[PDB]
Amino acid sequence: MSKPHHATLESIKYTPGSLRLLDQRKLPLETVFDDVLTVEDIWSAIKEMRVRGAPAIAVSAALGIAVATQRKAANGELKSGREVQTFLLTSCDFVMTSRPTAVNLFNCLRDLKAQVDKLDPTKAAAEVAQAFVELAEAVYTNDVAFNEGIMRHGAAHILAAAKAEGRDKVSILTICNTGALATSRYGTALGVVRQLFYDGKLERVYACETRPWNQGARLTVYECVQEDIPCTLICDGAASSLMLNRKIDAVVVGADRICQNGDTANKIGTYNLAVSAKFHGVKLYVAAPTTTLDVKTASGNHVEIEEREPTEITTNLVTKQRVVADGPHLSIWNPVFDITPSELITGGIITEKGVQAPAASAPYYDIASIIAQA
């Protein structure tokens, strides 16, 4: 019903009865939207990474199932109140099979499943479908609200630390894409960057390329260009040299799964960034909504790390040429996430609840408490 202030592109285009997803693989050269009509469409979109970013995955999954179930209710494939309920639970389990590392998808759909059980199966199929639609629409609006909070908490905290020192403007180093493309609206870590920019307090955001999928070079740069946000693109390996030679106020990254102790699963390279950040005395912040927090996982070693097709590294995602030689004694290691241990999150964890600073020593973070906050 409302356009975002600050530039659409939004990766998720929703209107009652219709879901369209921006193909984030084709940016920045091409702007393509694909219709999501079935549960199979949304599963594929997540798996192929047409839609990506932890929150965007969860929100589009809820909306995708809602539009598809509403469709099946209208045409005749469904059926009955009970079997709409049955289809919704079955669709939630199936969509959850797409990508394992980011918890947002699991937190959202499991919470939706519990609410689906609470629904009345006696209702006239379409009534049960519309009830789920409203629940799915709620997770979109909630994420918008979560990001509005993150931006404020993040920018104010970083600016207070800046003015405690002798600095009026901040330089931020980031990785991957955590803007409007990775979320419903504004973003998380890039949301903080946006707020600092609007206040006239951002000197520069430094963006890591983020191999092999290039979320930084392709998506983050794109977002900064559309809004005239001062941005500098670097190669992932140049991060250490950057922090030594130039003053970086904070490393602000996103998250896919934050464990109970604080251990953060995020895009591959984030751990590398955290190790270097500690070496150079640059405080590291993790920005994520509380739906990215995971009480069910105790520590980082219990997180399933997604590995993807070796063609992401060996082939051009554009010219389709195999840019790497092939042989029987060659292997490709392609994990698309790593773990940043809570020890290396020196700045704090930024949610919509506020900014949670680490403890002096062991269990640096209590994630259950952050979720329990008002």
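Counting begins at 1, following the sequence as shown.
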Please work out which of 273-281 and 114-122 has the higher mean CA B-factor as recorded in the PDB entry. 114-122
Between the two ranges 212-220 and 85-93, the one averaging a larger CA B factor in the entry: 85-93
Considering only 192, 234, 128, 173, which residue's Cα atom bears the greatest B-factor as recorded? 128
Which one, 268, 251, 243, 161, has the peak C-alpha temperature factor per the PDB entry? 161
Just say lowest, middle or highest third for the CA B-factor of residue 69 relative to the other modelled residues in its chain. highest
Entry-reported Cα temperature factor of residue 22, expressed as the chain third it lands in: lowest
Using the B-factor values recorded in the entry, state whether the Cα atom of residue 157 falls in the lowest, middle or highest third among the modelled residues of its chain. highest
For residue 147, the third of its chain into which the C-alpha B factor falls: middle
Which third of the chain does residue 42 land in by C-alpha B-factor: lowest, middle or highest? middle
